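Chains as they are written, first to last, in the deposited numbering: chain G, 494 to 545, 552 to 585, 601 to 654, 661 to 740; chain Y, 741 to 789; chain L, 790 to 797, 807 to 838; chain F, 445 to 493; chain V, 598 to 652, 660 to 800, 811 to 837; chain A, 546 to 579, 598 to 652, 660 to 690; chain C, 445 to 538. The block underneath contains the structure these notes are about, expressed in structure tokens.
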Amino acid sequence: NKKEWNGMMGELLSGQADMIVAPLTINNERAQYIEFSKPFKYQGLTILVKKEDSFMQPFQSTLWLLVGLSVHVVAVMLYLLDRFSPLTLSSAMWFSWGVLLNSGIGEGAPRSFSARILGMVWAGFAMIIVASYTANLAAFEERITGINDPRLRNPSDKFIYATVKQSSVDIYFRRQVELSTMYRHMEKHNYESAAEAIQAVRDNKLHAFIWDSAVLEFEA
Amino acid sequence: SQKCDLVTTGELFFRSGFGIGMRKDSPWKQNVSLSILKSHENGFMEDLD
Amino acid sequence: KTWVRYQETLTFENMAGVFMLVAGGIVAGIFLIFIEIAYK
Amino acid sequence: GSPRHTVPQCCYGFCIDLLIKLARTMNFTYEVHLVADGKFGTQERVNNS
Amino acid sequence: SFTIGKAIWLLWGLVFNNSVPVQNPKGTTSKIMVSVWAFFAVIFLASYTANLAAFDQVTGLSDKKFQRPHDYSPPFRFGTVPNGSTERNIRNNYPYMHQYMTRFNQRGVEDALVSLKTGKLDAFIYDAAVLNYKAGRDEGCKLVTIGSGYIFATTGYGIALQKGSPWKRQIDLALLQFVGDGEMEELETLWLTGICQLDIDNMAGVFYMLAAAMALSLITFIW
Amino acid sequence: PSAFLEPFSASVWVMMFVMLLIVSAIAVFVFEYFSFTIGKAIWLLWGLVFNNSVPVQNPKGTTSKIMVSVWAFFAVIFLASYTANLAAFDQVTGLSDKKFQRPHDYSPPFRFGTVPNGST
Amino acid sequence: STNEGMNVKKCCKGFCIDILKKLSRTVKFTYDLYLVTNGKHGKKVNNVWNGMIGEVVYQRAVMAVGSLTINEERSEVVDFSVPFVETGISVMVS
Ligand SMILES: *[C@@H]1O[C@H](CO)[C@@H](O)[C@H](O)[C@H]1NC(C)=O
Ligand SMILES: *[C@@H]1O[C@H](CO)[C@@H](O)[C@H](O)[C@H]1NC(C)=O
Ligand SMILES: *[C@@H]1O[C@H](CO)[C@@H](O)[C@H](O)[C@H]1NC(C)=O
Ligand SMILES: *[C@@H]1O[C@H](CO)[C@@H](O)[C@H](O)[C@H]1NC(C)=O
């Protein structure tokens, strides 16, 4: 029942190493065993993420059927006014679907001595409907931002965050007693080296990664 | 709440204590201070707001 | 200076359902046109 | 503005109801007179001495 | 050729330009006037779309909206609960924020809840996970907090005993036994929740004006 | 805003040519069943997007006007998506801005510096 | 009008009641549970507390098994246990 070390400290205490030239992390356990020097690097942690339209079917289908029934009623009453004058039905449907067409059609003008007002109001009505539709289509979460996040305390298959296996950052996360759930989440995705973590986050398999700041600034 | 052109700015400093300007040493200050403290302990400013 | 300072409507997945519904409307319109030709 | 024109008028509002509450707490009355000028007051040098 | 007195239909059909043929313009002056009126209709439609386009709230504790909502036109308000440690946390952080709370006082937890359900309150400062529970048990996922406590205080709970109690170490060992075996995760899973363009009045008023247009068309049809 | 590659992205343009070929073949089949739309259907189909084309006399069998209306609605929603793409396409407010920590909220980064070993 | 009252018996459940029952199973003591009648969580008004702090500090209660927040003044008047949940602060909006 003895607690030991491995890697650089496993070779330093066994005689296979004499001078660690590496970013060694200062904590409680390593300062009481071996001596330290003046810290040459001042560096912090950061989170590596991957930061890289309701047309008809997601849009609610009440007003589309309303416009359809409206143009149906308009065509029926224009055909009835063509009956009661103060290919008739085909030309009436051509006019009623050519006013709404709004792009150009090879048609003429029907006899609208008492129906031109209904046609001009329907034309302005259709254009103000499509203008309001264009207006409210033109007018109308990936980041983590730190460790204080209860969404990471209840993770899922999308909130994927991990760390380097057997790292001093993992030791600092294990030391704090309120970091048990994130430790249990990161121990399921233990990664050996940093290049494997870069390859995993590049291939859209990761969403967050705890890593030092200046290295990711150099990678940026 | 009366007009539609009175909007206060983001600057708000010198938040001092507005009270009652009293005179010098006199026995009619302690009872007034206890009445003000009685106004502090209840909802005397809330209903007037 | 040598290490730190030295620096160096999508219509793919969003409009896929747009393409599917527009293609379905085109197929339905072509079917109505061929039924109209076969009737008259 | 005016040489001498002071009439009995009606005073009410926020501070008047505060003074009515103070007169309700402790058994005393008051007499409200209005100030002549409309200035708060600074440390002004007088023209003599 | 109907531009004697019937130019209204031609003119207001050339406003929107919905492919309405009227006549064959042989005069140069008429085509110049139609082109100038069409350019005026294009810039009027551009101004109309600009009017339609011109027609998370607080993203930090140091935001200017806590000072004054002067950046936007509608103002909001917020407050905390009395006789609590949240007011002492505010007085330890910012006495200015304590005076903002003192101006906008409120009654209590259930009264602020009724004010949020009826719309008599905009913002309410409370705990982090408990408002997540209230958002999860909310019908329709309506009351949603701004984030979940990113750059906030992030405090915790504990069990307070008397200074000099001999039973404190056994309770501490019992809590370390309760947390370090997955039982606390089971309690946080069981006793918590896990559930959580369109306008009405404008096209209704356009429908009232359309009903007036049908009334005017009926008047012009009967006479 | 030098040049945009967002709406078509050189992958939908093949489908535009395929739909032009299909509409041209339908026009040839209707003209065989039944007027310059034999091989010139590109100017008649793509010309009805910017709503100032020459009015071509459609046949009386109610054949071309339905697909003209469908392509017109497609052009209207395409121009609506184009205006939405154009709409979706001071700098520093103060110390309360998120740019001083990291400008990752926006697309370009920036940089700042003071005098070396001074009172600043 | 006065401080007259009656002892109403009420039932309790929830998270802290489960914590109290698990401490009664582990430590094996008899709990004396009663609701506070002074007010909310606590705020010192002229060396007079109220609520659970007023019950524990003024030698009227032994411990606070229920939920109690942690700040500077409650770290000064009493001592807390180890933390078990991260419940910070947030803002509910409409
Ligand atoms: C009023 O003040 C006097 C001291 O000047 C004090 O003895 C007395 O108790 C006070 N009475 C009340 C009702 O506050
Ligand atoms: C109020 O009236 C009573 C009458 O006994 C007496 O104490 C005194 O005159 C007044 N002062 C107070 C306590 O307000
Ligand atoms: C003092 O003299 C000035 C003129 O120099 C005059 O305007 C003012 O009313 C006088 N009174 C005082 C004390 O200011
Ligand atoms: C706090 O509790 C006291 C009773 O101890 C009560 O009078 C007061 O209204 C409560 N809240 C405030 C506003 O301090």
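Even for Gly, the Cβ is constructed at its ideal location relative to N, Cα and C.
DSSP beta-bridge partners of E499(C): Its beta-bridge partners do not exist; DSSP assigns none.
What do you reckon, are the CB atoms on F528(C) and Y676(V) nearer than 8 Å? no
Does the beta-carbon of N471(F), which I'm using as the reference point, lie nearer than 7 Å to any heavy atom of ligand 2? yes
Residues passing the C-beta test against ligand 3 heavy atoms, cut-off 7 Å: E488(F), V490(F) and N491(F)
Given that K669(A) touches chain G, what residues does it touch there, using C-beta distances under 8 Å? Ordered by position in chain G, no residue passes the 8 Å Cβ test against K669(A), which lies about 14 Å from the chain.
Taking 8 Å as the CB-CB cut-off, is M576(G) touching chain L? no
What I want to know is whether the C-beta of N782(Y) ends up closer than 7 Å to one or more non-hydrogen atoms of ligand 1. no
I want to know whether the stretch 603-610 of chain G touches the stretch 600-607 of chain V - three or more CB-CB distances under 8 Å. no
Where does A740(G) sit, in a helix, a strand or coil, going by DSSP? coil
Take the Cβ of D481(F) as the centre, count every other Cβ of all protein chains shown within 10 Å, and call the residue buried at 16 or more, exposed below. exposed
Just how far apart, CA to CA, sit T690(V) and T759(V)? 11 Å
How would you call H449(F), buried or exposed, if buried means at least 16 neighbouring beta carbons within 10 angstroms? exposed
Taking the alpha-carbon positions, what's the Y578(A) to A638(A) distance? 29 Å
Is the stretch 614-621 of chain G touching the stretch 615-632 of chain V in the sense that three or more CB pairs, one from each, lie closer than 8 Å? yes
Heavy atom of ligand 4 less than 7 Å from the Cβ of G688(V), yes or no? no
Taking only the alpha-carbon atoms, compute the straight-line gap between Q796(L) and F738(G) and give it to the nearest angstrom. 8 Å
Using the Cα positions of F682(A) and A757(V), report the straight-line distance between them to the nearest angstrom. 30 Å
Identity of the residues DSSP links to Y730(V) by a beta bridge: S534(C)
Option in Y526(G), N521(G) and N520(G) with minimal Cα separation from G503(G): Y526(G)
Please state the DSSP three-state secondary structure of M507(C). strand
With burial defined as no fewer than 16 other Cβ atoms inside 10 Å of the residue's Cβ, what is the status of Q686(G): buried or exposed? exposed
I need the boundaries of the beta strand (DSSP E) containing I730(G), first residue and last residue. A728 to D732
Going by the DSSP bridge assignment, what does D523(C) pair with across the sheet? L765(V)
Rounded to whole angstroms, what is the Cα-Cα separation between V721(G) and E790(V)? 32 Å
Any contact of the stretch 517-525 of chain C with the stretch 766-784 of chain V, i.e. 3+ C-beta pairs under 8 Å? yes
Could you compute how far the alpha carbon of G458(C) sits from the alpha carbon of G784(V)? 21 Å
Same chain, Cβ closer than 7 Å to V573(A), five either side skipped, listed in chain order: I601
Proximity test, Cβ basis, 8 Å: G757(Y) and chain V: no
Grouping DSSP H, G and I as helix and E and B as strand, with all else coil, what is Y681(G)? strand
Any idea what DSSP makes of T834(V), helix, strand or coil? helix
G822(L) beta carbon less than 8 Å from that of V633(A): no
How do the stretch 630-643 of chain G and the stretch 825-834 of chain V stand: do at least 3 beta-carbon pairs fall below 8 Å, yes or no? yes
Host beta strand (DSSP E) of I540(G) (start-end): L538 to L541
Can you tell me which residues form a DSSP beta bridge with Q620(A)? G620(G)
Determine the direct distance from the alpha carbon of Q661(V) to that of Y700(V), and round the result to whole angstroms. 21 Å
Confirm, please, whether the CB-CB distance from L479(C) to residue 657(V) is below 8 Å. Absent from the coordinates is residue 657(V), which sits in the stretch where chain V moves from 652 straight to 660.
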